[PDB]
Amino acid sequence: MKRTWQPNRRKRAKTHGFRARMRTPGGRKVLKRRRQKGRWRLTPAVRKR
Amino acid sequence: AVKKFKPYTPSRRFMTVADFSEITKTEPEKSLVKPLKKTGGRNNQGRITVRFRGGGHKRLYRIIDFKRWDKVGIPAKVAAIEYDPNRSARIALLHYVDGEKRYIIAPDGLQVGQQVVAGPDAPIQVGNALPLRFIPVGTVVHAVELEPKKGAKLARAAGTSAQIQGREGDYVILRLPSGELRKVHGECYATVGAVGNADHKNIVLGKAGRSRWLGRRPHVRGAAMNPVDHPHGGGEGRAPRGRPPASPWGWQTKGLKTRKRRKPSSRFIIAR
Amino acid sequence: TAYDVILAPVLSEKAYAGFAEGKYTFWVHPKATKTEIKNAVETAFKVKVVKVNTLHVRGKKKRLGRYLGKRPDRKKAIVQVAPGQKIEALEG
Amino acid sequence: XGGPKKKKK
RNA sequence: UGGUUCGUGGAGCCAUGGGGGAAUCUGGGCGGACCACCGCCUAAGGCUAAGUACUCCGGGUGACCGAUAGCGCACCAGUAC
RNA sequence: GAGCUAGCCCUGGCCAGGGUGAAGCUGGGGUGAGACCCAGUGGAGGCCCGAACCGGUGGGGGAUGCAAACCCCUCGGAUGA
RNA sequence: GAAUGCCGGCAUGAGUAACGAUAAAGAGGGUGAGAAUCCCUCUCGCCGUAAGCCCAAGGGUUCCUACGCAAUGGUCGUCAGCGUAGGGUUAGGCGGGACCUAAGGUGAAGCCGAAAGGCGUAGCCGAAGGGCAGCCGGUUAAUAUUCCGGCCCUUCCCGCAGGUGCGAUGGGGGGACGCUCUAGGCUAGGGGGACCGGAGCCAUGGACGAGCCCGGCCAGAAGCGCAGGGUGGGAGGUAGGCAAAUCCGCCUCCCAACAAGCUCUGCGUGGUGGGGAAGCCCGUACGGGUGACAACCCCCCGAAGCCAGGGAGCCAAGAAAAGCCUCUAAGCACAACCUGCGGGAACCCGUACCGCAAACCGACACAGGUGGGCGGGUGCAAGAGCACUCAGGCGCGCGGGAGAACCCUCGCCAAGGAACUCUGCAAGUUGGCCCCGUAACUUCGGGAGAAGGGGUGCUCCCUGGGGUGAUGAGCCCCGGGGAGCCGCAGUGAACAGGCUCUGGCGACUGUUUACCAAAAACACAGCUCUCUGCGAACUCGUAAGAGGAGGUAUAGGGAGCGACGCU
Ligand SMILES: [Mg+2]
Ligand SMILES: [Mg+2]
Ligand SMILES: [Mg+2]
Ligand SMILES: [Mg+2]
Ligand SMILES: [Mg+2]
Ligand SMILES: [Mg+2]
Ligand SMILES: [Mg+2]
Ligand SMILES: [Mg+2]
Ligand SMILES: [Mg+2]
Ligand SMILES: [Mg+2]
Ligand SMILES: [Mg+2]
Ligand SMILES: [Mg+2]
Ligand SMILES: [Mg+2]
Ligand SMILES: [Mg+2]
Ligand SMILES: [Mg+2]
Ligand SMILES: [Mg+2]
Ligand SMILES: [Mg+2]
Ligand SMILES: [Mg+2]
Ligand SMILES: [Mg+2]
Ligand SMILES: [Mg+2]
Ligand SMILES: [Mg+2]
Ligand SMILES: [Mg+2]
Ligand SMILES: [Mg+2]
Ligand SMILES: [Mg+2]
Ligand SMILES: [Mg+2]
Ligand SMILES: [Mg+2]
Ligand SMILES: [Mg+2]
Ligand SMILES: [Mg+2]
Ligand SMILES: [Mg+2]
Ligand SMILES: [Mg+2]
Ligand SMILES: [Mg+2]
Ligand SMILES: [Mg+2]
Ligand SMILES: [Mg+2]
Ligand SMILES: [Mg+2]
Ligand SMILES: [Mg+2]
Ligand SMILES: [Mg+2]
Ligand SMILES: [Mg+2]
Ligand SMILES: [Mg+2]
Ligand SMILES: [Mg+2]
Ligand SMILES: [Mg+2]
Ligand SMILES: [Mg+2]
Ligand SMILES: [Mg+2]
Ligand SMILES: [Mg+2]
Ligand SMILES: [Mg+2]
Ligand SMILES: [Mg+2]
Ligand SMILES: [Mg+2]
Ligand SMILES: [Mg+2]
Ligand SMILES: [Mg+2]
Ligand SMILES: [Mg+2]
Ligand SMILES: [Mg+2]
Ligand SMILES: [Mg+2]
Ligand SMILES: [Mg+2]
Ligand SMILES: [Mg+2]
Ligand SMILES: [Mg+2]
Ligand SMILES: [Mg+2]
Ligand SMILES: [Mg+2]
Ligand SMILES: [Mg+2]
Ligand SMILES: [Mg+2]
Ligand SMILES: [Mg+2]
Ligand SMILES: [Mg+2]
Ligand SMILES: [Mg+2]
Ligand SMILES: [Mg+2]
Ligand SMILES: [Mg+2]
Ligand SMILES: [Mg+2]
Ligand SMILES: [Mg+2]
Ligand SMILES: [Mg+2]
Ligand SMILES: [Mg+2]
Ligand SMILES: [Mg+2]
Ligand SMILES: [Mg+2]
Ligand SMILES: [Mg+2]
Ligand SMILES: [Mg+2]
Ligand SMILES: [Mg+2]
Ligand SMILES: [Mg+2]
Ligand SMILES: [Mg+2]
Ligand SMILES: [Mg+2]
Ligand SMILES: [Mg+2]
Ligand SMILES: [Mg+2]
Ligand SMILES: [Mg+2]
Ligand SMILES: [Mg+2]
Ligand SMILES: [Mg+2]
Ligand SMILES: [Mg+2]
Ligand SMILES: [Mg+2]
Ligand SMILES: [Mg+2]
Ligand SMILES: [Mg+2]
């Protein structure tokens with residue numbers, strides 16, 4: 001059947017990107033938490049040009 | 001007149017379509033004056049706030065003239081009468097000698113080629129606009145302003161009118177389509193005649209689809225729902241209500257008057 | 001800084017085949033435009049540059065057990081020389 | 001799995 | 001209405017949203033309703049070290065652990081997944 | 001978190017081939033003028049058969065499966081909500 | 001020593017079930033330490049509106065090649081999509097950006113909110129929509145509308161030559177639009193050919209024959225030629241298009257009413273360029289040579305594609321903005337703009353490979369899911385259906401034997417035909433087309449494919465219409481009539497309704513419990529009640545605000561009933 005993962009580079013970027021997270025206090029805290037944690041990747045890596 | 005069909009299909013046996021014979025050879029509209037992009041959307045910034053809206057034909061807005069006092073004294077020739085997707089009435093395309101082209105909402109009896117004009121001057125004829133005062137008591141009228149210089153707001157639906165009843169210092173009394181008795185300021189413009197396309201009420205949609213074409217989504221009964229959804233939801237195999245009939249939001253829907261009492265508008269109203 | 005643009009030449013059975021024609025092809029700085037790439041190979045070889053073609057070459061994911069990484073991203077430019085000229089330093 | 005089936009039979 | 005031990009209690013004091021609305025030393029607040037007496041203070045402007053809290057970081061010590069323990073990680077771990 | 005799913009918005013795409021034959025046109029007939037009737041034309045429709053396509057009726061298989069909803073036969077719609 | 005305890009390790013069932021579609025394999029020869037499994041040849045089977053090609057998304061080295069087999073491969077493995085190394089992705093014209101605007105997002109002004117923040121005309125952002133200049137071949141092991149060859153365009157900038165009041169983010173025009181059906185002429189694609197060109201081939205009884213087999217194009221500026229799309233030309237008056245206009249708009253007189261004329265496309269032709277089979281000979285893991293001086297012509301069918309902004313009809317009444325044309329304002333008219341010709345300048349990112357799948361979404365080399373374009377030939381009425389088959393691609397990554405029960409999937413059956421059973425569940429009968437022929441009832445449409453029947457192949461003769469051709473030969477479509485032939489059987493295979501009568505419920509097409517319920521539930525047109533005079537009622541939000549609605553009682557919100565008839 002159709003599963004739940006339907007990859008889209010634009011969606012992933014607009015949805016979970018560094019700039020989206022930065023836009024709101026909710027998201028800014030996510031970066032803070034991930035930084036303090038020592039996460040190698042703050043936001044998902046969306047590729048291609 | 002109303003177009004009628006033979007039952008060559010079920011739902012074609014009741015279906016019924018407007019007569020478009022008053023639609024003069026001018027079916028597609030007029031750029032310049034209108035159209036605008038019209039912005040379909042069944043809801044506010046976010047959430048739906050009027051249920052069951054959506055779908056249905058794309059539209060172009062015809063930006064019509066609801067304040068006729070710009071062109072006081074300037075007459076215009078009625079050039080055409082065309083279909084307007086965004087109202088029950090039809091619209092008149094008129095050419096002002098000025099050059100300017102406006103649409104007026106098209107009254108019953110309006111003929112193409114006719115002369116029409118607005119102002120204190122203005123022969124009392126079908127199509128003309130006047131401040132309410134100079135209009136003879138008892139004449140039927142439409143596109144009436146509520147307060148002066150604020151635009152036509154009463155009687156624009158197809159086949160509607162108001163009748164002038166009498167006067168009272170600065171106000172003339174109106175009898176509105178609903179039957180209400182209203183004091184409306186003398187200085188309010190209103191155009192003589194009834195609205196026309198009066199056979200609009202006689203049309204039978206005929207099937208579900210037609211409803212959808214006009215963007216009317218299926219309306220579901222409270223009875224059909226559940227207690228979470230509606231006061232009428234549940235219980236077992238059908239149910240008669242079990243309380244005084246209500247809206248989904250709990251207010252009673254048979255009888256409960258809802259106009260606020262202390263409206264300052266009150267001292268200008270005399271009926272139902 | 002013009003000997004900063006051009007890094008090294010590309011050595012391969014394909015780069016050479018551009019020596020019959022006037023297409024000398026070098027690795028370049030990833031951030032360098034066709035237009036500064038011309039102005040560079042001109043002054044460094046005193047040659048009339050007529051066509052610049054550039055392409056990105058993506059780095060290779062190589063692994064050395066447990067430790068997996070990626071090589072540096074490079075860029076190629078293959079540059080066309082006006083009729084008759086040659087870049088002697090590549091003619092090997 | 002996570003069910004979600006209701007106890008039928 | 002909040003604060004104080006104070007949950008309307010005899011409920012003061014200290015803050016305040018609403019209404020009314022003074023006075024300049026013979027002026028004003030308080031000492032638990034209120035009044036008298038006797039006393040303590042001088043509101044509606046602001047700044048002020050130190051003593052106190054903490055431990056990302058550096059150092060010392062341990063009737064603290066010794067690789068299923070001790071931090072999640074003694075090992076390229078907030079990694080692989 | 002609406003990359004699954006529900007709805008709506010904006011903008012594009014898709015629907016083989018067959019049937020049936022409304023209005024309306026044209027001619028003829030009829031009448032004081034009509035209504036209406038015959039052809040011929042016409043090509044209407046949440047119209048019909050039926051692929052793609054969207055489904056999931058009934059039965060069988062499958063049940064540590066090919067598969068955490070599949071497969072075979074059969075079946076609903078398929079110019080419209 | 002226990003907590004269906006926690007982590008780890010190893011047992012049991014067990015050499016048991018399984019090894020992922022029943023599309024299918026056999027052999028010879030290689031290579032190798034080692035071959036059912038790798039390479040090659042021959043034979044066989046399968047897909048072919050694909051199981052074949054080309055994109056988009058997504059994936060990110062999987063591409064090519066060299067050397068390799070510990071693991072990954074459900075077996076093997078000399079192979080690989082795996083390991084090590086190296087090589088590979090070339091653009092002014094394709095796509096995206098130095099262009100535009102949609103929903104929506106953001107957001108100066110401004111409004112609101114304990115804070116965080118929420119709204120918000122202008123503007124900006126925002127795309128398979130608008131705008132925009134490359135076609136055909138040739139090369140690599142791997143890239144090509146990118147490199148190369150030919151032919152053809154686009155912008156800027158600087159020049160000369162000449163034309164004109166030039167000239168704005170501003171005005172106007174245009175761009176610019178629905179659904180259904182469609183006409184004319186073309187192209188793509190396809191069939192045929194006694195004509196043109198070809199290596200060859202007479203087999204096994206017969207055939208040296210207008211014999212068999214293979215192939216008979218593509219691109220192409222200017223100029224033509226043929227289709228067709230756009231569009232009236234004047235002169236006056238002017239108060240409107242938010243300044244100004246000669247422009248547009250509105251009046252009034254002339255000439256046109258025609259596509260005559262201007263332009264704009266499409267298609268043919270075109271200077272020239274390129275391609276160019278079967279077969280045979282070679283060595284590949286494949287490509288090459290020859291066939292060639294290859295020929296490269298005539299008919300026929302013909303689009304859903306092009307001319308395109310074509311035409312007709314209908315109601316539900318069908319984006320914007322910029323490029324483009326034009327008008328003027330500030331300015332400036334030694335500027336500037338336009339035409340022509342020259343030289344010069346033309347960036348950034350993408351390009352490999354998979355792409356109905358072993359490379360994407362499903363923990364897997366997973367029988368599932370996945371958007372667009374091409375999708376040949378024959379026959380069956382047609383068709384993207386169905387059977388076989390071009391090109392192309394595969395035999396699905398365990399095999400070999402055996403011929404028990406039992407299961408799955410399928411074929412057939414004496415006599416009876418539902419006696420089976422909760423139920424004819426299942427399976428069968430029926431089945432396509434053409435033509436007779438059709439009842440109750442009916443809202444006059446329907447019920448109707450009612451039911452029930454007959455015809456269906458092949459041969460010969462006669463003959464009626466078209467279509468393309470000139471009024472004809474041919475080639476292509478529909479027909480009619482008459483004799484006759486064979487078989488058990490003529491939609492001889494494949495695809496293709498069982499029917500009728502009578503009740504209940506729901507009017508009907510529809511919708512619904514993704515993953516046990518598709519229904520008599522929901523919806524539905526329609527009927528009624530009620531609310532609401534517009535800063536409407538109602539709804540969301542603390543508010544601002546927004547929906548309702550740029551609607552106005554024939555309107556909008558709520559409730560019930562649910563076509564229609566009688567009530
Ligand atoms: Mg416009
Ligand atoms: Mg909201
Ligand atoms: Mg938002
Ligand atoms: Mg309902
Ligand atoms: Mg329910
Ligand atoms: Mg409730
Ligand atoms: Mg009951
Ligand atoms: Mg109830
Ligand atoms: Mg590039
Ligand atoms: Mg308290
Ligand atoms: Mg006090
Ligand atoms: Mg005190
Ligand atoms: Mg005391
Ligand atoms: Mg004190
Ligand atoms: Mg110890
Ligand atoms: Mg140890
Ligand atoms: Mg540890
Ligand atoms: Mg640990
Ligand atoms: Mg007729
Ligand atoms: Mg039809
Ligand atoms: Mg239908
Ligand atoms: Mg069907
Ligand atoms: Mg469903
Ligand atoms: Mg014990
Ligand atoms: Mg257990
Ligand atoms: Mg264990
Ligand atoms: Mg056993
Ligand atoms: Mg056994
Ligand atoms: Mg077994
Ligand atoms: Mg297998
Ligand atoms: Mg070997
Ligand atoms: Mg086959
Ligand atoms: Mg790799
Ligand atoms: Mg490979
Ligand atoms: Mg193995
Ligand atoms: Mg496997
Ligand atoms: Mg090898
Ligand atoms: Mg490899
Ligand atoms: Mg382009
Ligand atoms: Mg730049
Ligand atoms: Mg923009
Ligand atoms: Mg906008
Ligand atoms: Mg905002
Ligand atoms: Mg942009
Ligand atoms: Mg575009
Ligand atoms: Mg000018
Ligand atoms: Mg404009
Ligand atoms: Mg012989
Ligand atoms: Mg040509
Ligand atoms: Mg003006
Ligand atoms: Mg050849
Ligand atoms: Mg048209
Ligand atoms: Mg703009
Ligand atoms: Mg302009
Ligand atoms: Mg490429
Ligand atoms: Mg490619
Ligand atoms: Mg390739
Ligand atoms: Mg596809
Ligand atoms: Mg496999
Ligand atoms: Mg698969
Ligand atoms: Mg599909
Ligand atoms: Mg075809
Ligand atoms: Mg057929
Ligand atoms: Mg098929
Ligand atoms: Mg029997
Ligand atoms: Mg028998
Ligand atoms: Mg019998
Ligand atoms: Mg029985
Ligand atoms: Mg029995
Ligand atoms: Mg029964
Ligand atoms: Mg059955
Ligand atoms: Mg029955
Ligand atoms: Mg029945
Ligand atoms: Mg029903
Ligand atoms: Mg149904
Ligand atoms: Mg279910
Ligand atoms: Mg079911
Ligand atoms: Mg059903
Ligand atoms: Mg509003
Ligand atoms: Mg509105
Ligand atoms: Mg209502
Ligand atoms: Mg009901
Ligand atoms: Mg009911
Ligand atoms: Mg009922």
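Computed from the coordinates by the stated procedures, all read-outs in this text should not be read as laboratory data. Neighbour counts run over all protein chains shown; Cβ positions are idealised from the backbone, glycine included.
Quick one: if the Förster radius is 22 Å, what FRET efficiency do B:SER266 and B:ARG167 give, using the C-beta to C-beta distance and rounding to 0.05? Walk me through the numbers on the way to the answer.
Numbers: r = 20 Å, r/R0 = 0.92.
Efficiency, from the Cβ-Cβ distance: 0.60.
Charging the Cβ of each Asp and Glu at -1 and of each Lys and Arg at +1, and nothing else, the dipole of the stretch B:28-97 about its Cα centre rounds to 360 debye. Between chain A and the stretch B:17-40, what is the separation of their alpha carbon centroids in Å? Using only Cα atoms, the two centres lie 48 Å from each other.
In straight-distance terms, cross-link reach from B:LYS207 covers every one of the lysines whose alpha-carbon lies under 16 Å from its own, apart from those fewer than eight places away in the same chain; here that gives B:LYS3, B:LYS4, B:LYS6.
Residues B:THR191, C:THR1, ranked from the fewest to the most other C-beta atoms within 10 Å, line up as C:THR1, B:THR191.
Dipole of chain B computed with +1 at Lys/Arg Cβ and -1 at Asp/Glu Cβ about the Cα centre; of B:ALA80, B:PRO264, B:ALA155, farthest Cα towards the positive end is B:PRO264. Reducing the stretch C:67-92 and the stretch B:50-90 to their Cα centroids gives an inter-centroid distance of 68 Å. Assign one of three labels to chain B, namely rounded, prolate or oblate, based on the Cα gyration tensor with a ≥ b ≥ c the square roots of its eigenvalues; rounded applies when a/c is under 1.5, prolate when it is not and a/b is larger than b/c, and oblate otherwise. Judged from the Cα gyration tensor, chain B comes out oblate (a/c at least 1.5, b/c at or above a/b). For the stretch B:203-272, what does the alpha-carbon gyration tensor say about shape, rounded, prolate or oblate, given a ≥ b ≥ c as the root eigenvalues, a/c under 1.5 as rounded, and a/b over b/c as prolate? Here the stretch B:203-272 falls in the oblate category. Per residue of chain B, the DSSP helices (runs of n ≥ 4 H) give a summed -39500 (n - 2.57) that works out to -500 deg cm²/dmol at 222 nm. As a quick test, which of the pairs B:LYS37/B:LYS67; B:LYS38/B:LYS257; B:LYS38/B:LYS149 have an alpha carbon distance above 30 angstrom in this structure? In this structure, B:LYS38/B:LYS257 exceed 30 Å between Cα atoms. Output the Kirkwood hydrodynamic radius of the protein assembly as shown, Cα pairs only, in Å rounded to one decimal. Its Kirkwood hydrodynamic radius stands at 30.7 Å.
Comparing A:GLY38, B:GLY196, B:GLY46 along the charge dipole axis of the protein assembly as shown, the residue lying farthest to the positive side is A:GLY38, per the Cβ-charge model. Site pair C:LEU7 and A:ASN8 shows an inter-label distance of 3.7 nm when each label is modelled 7 Å from Cα along Cα→Cβ.
Quick one: if the Förster radius is 30 Å, what FRET efficiency do A:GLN36 and A:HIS16 give, using the C-beta to C-beta distance and rounding to 0.05?
On the way: r = 19 Å, r/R0 = 0.63.
FRET efficiency, A:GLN36 to A:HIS16: 0.95.
Over the C-alpha trace of chain C, radius of gyration and Dmax come out as 14.7, 53 angstrom. Summing Cβ point charges (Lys, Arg +1; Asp, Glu -1) relative to the Cα centre of chain C gives a dipole of roughly 780 debye.
What dipole magnitude, in Debye to the nearest 20, does the protein assembly as shown give about its Cα centre under +1 on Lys/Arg Cβ and -1 on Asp/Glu Cβ? The partial results should precede the final answer.
Working: 100 positive and 29 negative charges, 1007 e Å.
The calculated dipole for the protein assembly as shown is roughly 4840 debye.
Listed by chain and number, the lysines whose alpha-carbon sits under 20 Å from that of C:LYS61, ignoring those within fewer than 8 places in the same chain, are A:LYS48, C:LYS70, C:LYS75, C:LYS76.
Rank-order A:34-46, C:74-86 by packing density, defined as the average count of other C-beta atoms within 10 Å over each peptide's residues, highest first. Could the numbers behind the result be given before it?
Numbers: A:34-46: 10.7, C:74-86: 16.4.
In decreasing order of mean packing, A:34-46, C:74-86 become C:74-86, A:34-46.
In summary, the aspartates and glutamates within cross-link reach of C:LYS46, defined as a Cα separation below 19 angstrom excluding same-chain residues under 8 places away, comprise C:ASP4, C:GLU21, C:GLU36, C:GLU88, C:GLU91. What's the center-to-center distance, using Cα atoms, between the stretch C:26-61 and the stretch B:142-172 in Å? Taking the Cα centre of the stretch B:142-172 as reference, the centre of the stretch C:26-61 is 78 Å away.
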